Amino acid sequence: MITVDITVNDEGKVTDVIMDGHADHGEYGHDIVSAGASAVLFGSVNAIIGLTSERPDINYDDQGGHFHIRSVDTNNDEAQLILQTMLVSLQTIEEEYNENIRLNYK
């Protein structure tokens, strides 16, 4: 199972996205769903670093299958729409693969 923990602050701005279980065993369906979520996540970060001026605190432990985006300029409207685009894409995956991925809002 891939878990995605998403933290929204009081004003609606995405603070933190944490994905884990990327590099864990998993059941039938895992290989593709993990490939889907990770391409969306790393894709989004690259877009946030190349299209906007926001420079988020990023921590990827390739060994742990633990990946963490922490927003720094939470008022960067462009970065924030890339993050909410990522969430939508992640939700699209959840809708059809409920057994392999779960989103949790905090």
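In case it trips you up, residue 1 is the first one in the sequence shown, and so on.
Of 41-49 and 58-66, the one with larger mean CA B-factor: Taking the mean C-alpha B-factor of 58-66 and of 41-49, the larger value falls to 58-66.
Mean C-alpha temperature factor, higher of 85-93 and 7-15: Going by the record's values, the stretch with the higher mean is 7-15.
Chain thirds of CA B-factor: placement of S34: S34: CA B-factor falls in the middle third of its chain.
Position of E27 among the chain's modelled residues by C-alpha B-factor, lowest, middle or highest third: Middle third of the chain for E27's C-alpha B-factor.
Relative C-alpha B-factor of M1, binned into the chain's lowest, middle or highest third: For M1, whose C-alpha B-factor we compare with every modelled residue in the chain, the answer is the highest third.
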